[PDB]
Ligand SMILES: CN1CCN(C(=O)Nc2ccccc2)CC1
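In the block that follows, a single chain appears as structure tokens, in the form solved without the ligand.
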């Protein structure tokens, strides 16, 4: 029975390797990865892979791995797929830990923009969770040299993490990770999957996919939001993506809003993640 080696980059940066039967559905590999991680609240997570255009794609657990990776390597990353709006309602601390690891990478990568103060706060909770109480003996030295807190480190940022770390004496790891998440969940780009697009007039916009719906960034002034319950149908055609909106109260007709994506693969990818968000957050 012929098996393919799978390599999975975990949220701690380490590499998990296993073999699956070459005709395996994605769920088979996902189940092995979640068991490795001791993760029971699996619904929030998924595996990603890179397509022939080096674009990130979700591995569909209900489809054959070979029909998704196609001619590429069986190389994946383990990621948060659906960011919970209220991480306090997750049943397990370890779920919250993996969500923290993902958000830490969202922050360092610059996908999740964050003020100086919130970068320092988040870093101070991570340090408290992983090292425990601030050692007053270290006083001015760098016991935090290995922690990456931001896309760009400054001495001022390091100083501020240490000042806030001192304030968390007695805080336990699940408590510190919960405070991390209570701050991170409030960030305007928390859990937003961003896609470059153009409106029906050709103006460059971004489409954000999240719990709260489909967001439109036209620039820093004039945003828009389509809450999922309003969205009746999501579709794609060639390089175009469409949402059909419920008729408003007293309105005769539905509305369809069209967007141009960078190519056909990009329209199909946006369609799939929107449909998946719409389902997940309808049920949650």
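Residue numbers count along the first chain shown, from 1. By rigid core we mean the largest C-alpha set that fits within 1.5 Å across both forms. Residues that one form lacks are left out of the comparison.
Review point. Which is higher on average in the deposited entry, the C-alpha temperature factors of 136 to 144 or of 117 to 125?
Key: That would be 136 to 144.
Point to revise | Residue range whose averaged C-alpha B-factor is higher in the record, 236 to 244 or 29 to 37 | key: Stretch with the higher mean C-alpha B-factor: 236 to 244.
**Study point:** Member of 99, 203, 184, 210 with the greatest C-alpha B factor (per the PDB record)
**Key:** Answer for 99, 203, 184, 210: 203, with the highest C-alpha B-factor.
**Study point:** Cα B factor band for residue 217 (lowest, middle or highest third within the chain)
**Key:** It belongs to the highest third of the chain when residues are ordered by C-alpha B-factor.
Point to revise | Third of chain Cα B-factors occupied by residue 6 | key: Middle third by C-alpha B-factor.
Review point. Lowest, middle or highest third of the chain for the C-alpha temperature factor of residue 89?
Key: Within its chain, residue 89 is a highest-third residue by C-alpha B-factor, going by the deposited values.
Exercise for review: Consider only the C-alpha atoms of the modelled residues in this chain, order them by B-factor as the entry records it, and name the third containing residue 224: lowest, middle or highest.
Suggested key: Highest third - that is where residue 224 ends up once the chain's C-alpha B-factors are sorted.
Practice item. Could you tell me which third, lowest, middle or highest, the C-alpha B-factor of residue 20 occupies within its chain? Key: Residue 20: CA B-factor falls in the highest third of its chain.
In what follows, reference is made to the form solved in complex with the ligand, a form of this protein that is not presented.
**Study point:** Distance check, residue 227 to the ligand in the bound PDB entry, heavy atom within 4.5 Å
**Key:** Contact with the ligand, yes.
Check your understanding: Can any non-hydrogen atom of residue 37 be found within 4.5 angstroms of the ligand in the bound PDB entry?
Key -> No, residue 37 stays farther than 4.5 Å from the ligand in the bound PDB entry.
**Study point:** Contact test in the bound PDB entry: residue 210 vs the ligand, heavy atoms, 4.5 Å
**Key:** It does: once the ligand is placed as it appears in the bound PDB entry, residue 210 has a heavy atom within 4.5 Å of it.
Check your understanding: Among 138, 158, 175, 182, which is the residue that shifts its C-alpha 2 Å or more between the shown form and the other one, core superposed?
Key -> That would be 138.
Point to revise | Distance direction in the bound PDB entry for the C-alpha atoms of residue 139 and residue 148, relative to the displayed form (3 angstroms or more) | key: Compared with this form, residue 139 and residue 148 lie closer in the bound PDB entry.
Check your understanding: Where do residue 139 and residue 107 end up in the bound PDB entry, Cα atoms closer or farther than shown, with a change of 3 Å or more?
Key -> Relative to the shown form, the pair is closer.
**Study point:** Core-superposed comparison between the shown form and the other one, runs of at least 3 residues with CA shifts of 2 Å or more
**Key:** Shifted run of three or more residues, which all move 2 Å or more: only 136 to 145.
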